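Protein chains in written order, with the deposited numbering: chain U, 1 to 102; chain T, 1 to 99; chain X, 1 to 63; chain Z, 1 to 70; chain 2, 1 to 46.
All C-beta atoms in this analysis are idealised placements derived from N, C-alpha and C, irrespective of residue type, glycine included.
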Amino acid sequence: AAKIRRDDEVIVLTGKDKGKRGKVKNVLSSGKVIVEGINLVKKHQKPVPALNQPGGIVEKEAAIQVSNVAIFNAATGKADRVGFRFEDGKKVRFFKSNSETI
Amino acid sequence: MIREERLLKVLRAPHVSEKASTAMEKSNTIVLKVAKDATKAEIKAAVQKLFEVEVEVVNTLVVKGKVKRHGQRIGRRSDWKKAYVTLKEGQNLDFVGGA
Amino acid sequence: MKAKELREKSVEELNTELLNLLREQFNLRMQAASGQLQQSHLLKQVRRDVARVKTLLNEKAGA
Amino acid sequence: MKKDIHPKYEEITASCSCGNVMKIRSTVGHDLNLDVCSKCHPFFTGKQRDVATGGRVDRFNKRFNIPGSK
Amino acid sequence: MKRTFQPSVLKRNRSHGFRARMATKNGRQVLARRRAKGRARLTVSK
RNA sequence: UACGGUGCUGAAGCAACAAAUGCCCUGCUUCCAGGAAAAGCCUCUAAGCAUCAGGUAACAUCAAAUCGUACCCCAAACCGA
RNA sequence: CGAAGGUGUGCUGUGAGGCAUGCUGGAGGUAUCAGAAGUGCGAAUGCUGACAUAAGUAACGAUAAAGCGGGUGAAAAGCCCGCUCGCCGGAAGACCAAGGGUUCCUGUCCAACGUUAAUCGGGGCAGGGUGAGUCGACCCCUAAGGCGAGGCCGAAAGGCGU
RNA sequence: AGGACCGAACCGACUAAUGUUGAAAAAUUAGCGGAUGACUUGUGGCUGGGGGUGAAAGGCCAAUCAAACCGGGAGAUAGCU
RNA sequence: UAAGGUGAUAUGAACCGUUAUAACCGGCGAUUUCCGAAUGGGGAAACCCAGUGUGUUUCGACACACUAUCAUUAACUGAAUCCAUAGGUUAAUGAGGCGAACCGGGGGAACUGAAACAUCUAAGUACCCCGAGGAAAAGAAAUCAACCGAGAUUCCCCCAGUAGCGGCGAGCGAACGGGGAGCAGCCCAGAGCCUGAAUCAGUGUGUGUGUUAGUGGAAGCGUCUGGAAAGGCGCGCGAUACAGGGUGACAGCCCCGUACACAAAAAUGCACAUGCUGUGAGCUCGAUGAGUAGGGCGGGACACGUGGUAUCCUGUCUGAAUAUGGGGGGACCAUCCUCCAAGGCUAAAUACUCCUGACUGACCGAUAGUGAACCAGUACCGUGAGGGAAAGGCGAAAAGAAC
Ligand SMILES: [Mg+2]
Ligand SMILES: [Mg+2]
Ligand SMILES: [Mg+2]
Ligand SMILES: [Mg+2]
Ligand SMILES: [Mg+2]
Ligand SMILES: [Mg+2]
Ligand SMILES: [Mg+2]
Ligand SMILES: [Mg+2]
Ligand SMILES: [Mg+2]
Ligand SMILES: [Mg+2]
Ligand SMILES: [Mg+2]
Ligand SMILES: [Mg+2]
Ligand SMILES: [Mg+2]
Ligand SMILES: [Mg+2]
Ligand SMILES: [Mg+2]
Ligand SMILES: [Mg+2]
Ligand SMILES: [Mg+2]
Ligand SMILES: [Mg+2]
Ligand SMILES: [Mg+2]
Ligand SMILES: [Mg+2]
Ligand SMILES: [Mg+2]
Ligand SMILES: [Mg+2]
Ligand SMILES: [Mg+2]
Ligand SMILES: [Mg+2]
Ligand SMILES: [Mg+2]
Ligand SMILES: [Mg+2]
Ligand SMILES: [Mg+2]
Ligand SMILES: [Mg+2]
């Protein structure tokens, strides 16, 4: 149920955000889903062999997995996944309404 | 039929400890830890041949282990082996040691 | 060899990554991890490679 | 103990004092052993009596054949 | 005093230890009563 | 000197007497209850060998593999929770 | 705009109980009517868990008792150093087998374990540590006894044994 | 010489005290009997439950014995509590 | 099949991958140390030791392969004795061990009940032991019925808790006949005519399906509350799908799916259709199951406890007819009717569940439900067989608390 390749200007149907686009993603089957949609703050203790404290805490691999609408030249939504003939066949790689790739 | 001998990989890295190097002061006898089924005779050639050392006679041991990493229940053994080779003062190795 | 690249001649010669092609692994064999300089790629790609070539033998020879 | 021909042995039955008891019993048959084949040499065998006759009835030799295919 | 047990690891297996088990009729069963029937990780020694 | 110990150096180093349940002693004496076995070892030949191989001795050399070896052990490491 | 469960209050019924509601709680709960039941415990020297009581009581394991000065440390009667003192010495010493299976040595740490304190330990976590042609086991040999080709027996299992 | 005598080790348990939620599920303390013998002990082996072993007490057969322990028939049966 | 990956506690590191060849899933294959039937001898399982070969050999020697017992056959040998057996060697074949229930066979308790207890009961049960299969077993009348007839075995309903058996106590307990599930019948006991067509066993292949990965698959907004919307309100759309689960609360339209339609290099279950091999078929004339049938004695099985007891079986002693002969028709006799024993084979309905997939439950929800939701048959306890626990929850997400 992976819905991203190298970049997916997603939205945020729910999750403290309205529709903040993003990247990274990395959604999959056994792994996570991280995008600027969310981020937080609290650094972790660093005893000093070396100051293993670069410092600065914000998002790392913030939550929010699948269930996220991807980019569309217009508004939002537009669930992808349709399927086309030939054109690789390594994946349906199409789009709802009219479009395929961004 | 060719002898299934690990002509090369019979041993592995050297042990290394307090006895290490201080043992070298004795007769340039270094340790190195070989695999279980070693047989000194298989070690002799192992070190001299290919690794250019020209040693003579060994020792070899065994040794086990046993610990407990996580909280409760989790424990084991581990085994291992020892070796000491020798290396006559004559045939050296242009020793691969330093500080 | 690599993959299909492996199917060619019949000499066990290629099957010598152990001799003078393995001594390299021997050095970086000291635990306590000593040797962090840069691209310290001391992962076993060669031992996994010993098979394949260890295979094919029969492919041509017997089964 | 199995009688080579017309094979038989230790069947079990019970006793009867008519009054009280049904203690289990056990049978057996008959040991004994003779025979000597007039077609080669005296091969013998341990057989029951009612087992000897039978053979000696019209076998005696026409019966070793089954032991062939023991 | 002398508790009822004492040691000896060489006198035990000659009573229990699959050679002592498998050698006996019902004995081979003892391993099945555990291994097969049950699920004992390992049970047969001193 | 780290306080545990270390490197160097280093005298005399014999006689007399006294003992054992240890050794000569798998002995000697004696007794009745009359006191394992098999291999090594020595030797004798069989079949076989039949200028050979083997045998004995001297020395020269190679080989002697593999496991165990830490510590407790009349006890705080074993049998008694 | 707070379900269940938990804890108070008021009203209500003949009663087993019902309702409303304040507080806690963080998700579900079920008028009515009908239906199926693991349907209601104080007792069974009842099962399981938790907590009392006695009570800060007895006891701290041989009556071979220990004193002092330093050191370390948050703290020393107990640990390290030192001088005394006492105890064992056919042993309370030393070595090995049996059995145990890292308890050995070094560094560390003191929660739990040490019948107290613990900087100390056979405790925790790390490392290190047992080197053989002559010692032992393998290995030749056989004892008691075991197993046992074929074999003799025996409903089967199996017993005996060259 | 001796199932001889006094007596340690070793083997055993006649007496008293203590212990009796013990140091201890049979011991400690002071005495006590045997101590070249039907002695005593290490290692391993052989006898299996109605069976073994027994210088005999129904004693011993793993803190269990007028019929061991474990699993089963089993939710035995219980006019009793 | 793919945009992501090198299982988990397990991150870190070093890497592998990305508009046609990482990783993952499925098929086939390769490798598969050692112990274990264990199989070269041995053996306190994971180890000790050996014989015959082999290559390399830096030519020292070492690593690997085979050498268990037993049976069928064959080949070679070869005693007491002329031969001849016995016995030895070899080779190929197969067997051995392990298993959940169900199945057949050998052996076979007591508690308990009878308010005691010996007949009897529990019960052919528990247990032990042998053996085989996806099923076993059974099975084509020497059956039953009554003078009409039915028609192998098997299982279900009923006859009936009846007839009957029984210290006629306890208790045991049918069948005839009737309704159903499901249905096939054939071989040898032997010689010709024809002659490889029926039909069986196993292989070959070809279609069609089943399975062992998969592909696609619909349709949401705005606003209010809120930390979070699926929730309240308003306006829409899909529907052969509104099963279910997930998603910071309760979502048909966000995610996975869902109906529905499609899919296989290969590997195979199974159908058919026929090739090959083995098999035999159809018909004329023949035969037509003896230590057996019966019987004495002793036991057992029949619902049936020897009874007035038929029928079946056999340890022991006997012993017939061969077809107008023989068996049965519940002591026995006559008559009548019925059926041919002493050879064998056979699918289905029937039994079970170690295990695989799908799907369900007025089934439990953490001293409940499996002993075990969790690194449980673990820790522990015992010499041993054997016994055998406890133990789930932060949160929406670690934001697990820099300082
Ligand atoms: Mg030592
Ligand atoms: Mg005690
Ligand atoms: Mg009480
Ligand atoms: Mg006090
Ligand atoms: Mg008081
Ligand atoms: Mg007081
Ligand atoms: Mg006091
Ligand atoms: Mg004390
Ligand atoms: Mg330790
Ligand atoms: Mg110490
Ligand atoms: Mg320690
Ligand atoms: Mg050694
Ligand atoms: Mg024997
Ligand atoms: Mg005397
Ligand atoms: Mg005394
Ligand atoms: Mg005396
Ligand atoms: Mg003994
Ligand atoms: Mg006792
Ligand atoms: Mg019992
Ligand atoms: Mg019963
Ligand atoms: Mg009871
Ligand atoms: Mg073997
Ligand atoms: Mg063997
Ligand atoms: Mg009674
Ligand atoms: Mg899909
Ligand atoms: Mg008629
Ligand atoms: Mg439970
Ligand atoms: Mg709870």
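Note down, in chain order, every chain X residue with its Cβ under 7 angstroms from the Cβ of residue i.
i               : result
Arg12 (chain T) : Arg29
For residue i, count the other beta carbons within 10 Å of its own beta carbon; 16 or more makes it buried, fewer makes it exposed. Which is it?
i               : result
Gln48 (chain Z) : buried
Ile74 (chain T) : exposed
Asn68 (chain U) : buried
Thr29 (chain T) : buried
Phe5 (chain 2)  : exposed
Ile57 (chain U) : exposed
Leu11 (chain T) : buried
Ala75 (chain U) : exposed
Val47 (chain T) : buried
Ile2 (chain T)  : exposed
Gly22 (chain U) : buried
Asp7 (chain U)  : exposed
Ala52 (chain Z) : buried
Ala3 (chain X)  : exposed
Name the chain T residues that come within less than 8 angstroms of residue i, Cβ to Cβ?
i               : result
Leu22 (chain X) : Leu8 and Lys9
Can you give me the start and stop residues for the alpha helix (DSSP H) that residue i sits inside?
i               : result
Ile66 (chain Z) : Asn65 to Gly68
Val57 (chain Z) : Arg49 to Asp58
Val50 (chain X) : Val46 to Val53
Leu31 (chain 2) : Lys25 to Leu31
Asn27 (chain X) : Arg23 to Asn27
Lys9 (chain T)  : From DSSP, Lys9 (chain T) is part of no alpha helix (DSSP H); its letter is neither H nor E.
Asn58 (chain X) : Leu57 to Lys60
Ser27 (chain T) : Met24 to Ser27
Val47 (chain T) : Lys40 to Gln48
How would you list, in chain order, the residues of chain T whose beta-carbon sits under 9 angstroms from the beta-carbon of residue i?
i               : result
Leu18 (chain X) : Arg6, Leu7, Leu8 and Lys9
- Examine the Cβ distances between the segment 15-23 of chain Z and the segment 18-27 of chain X and report whether three or more of them are shorter than 8 angstroms. Result no; under three Cβ-Cβ pairs closer than 8 angstroms.
- Message: Does the segment 43-63 of chain Z come into contact with the segment 5-22 of chain 2, if we say contact requires no fewer than three beta-carbon pairs (one atom in each stretch) closer than 8 angstroms?
- Response: no
- Item | contact_flag[the segment 39-58 of chain T, the segment 74-90 of chain T] where n(CB pairs < 8 angstroms) is 3 or more | yes
- Query: Are the segment 41-59 of chain X and the segment 33-41 of chain T in contact at 8 angstroms, needing three or more beta carbon pairs?
  - Reply: Not touching, per the Cβ criterion.
- Task: Would you be able to state if there are at least three C-beta pairs under 8 angstroms between the segment 3-23 of chain X and the segment 86-99 of chain U?
- Result: Verdict: no, contact absent.
- Message: Three Cβ pairs or more, each shorter than 8 angstroms: is that satisfied between the segment 77-95 of chain U and the segment 11-21 of chain T?
- Response: no
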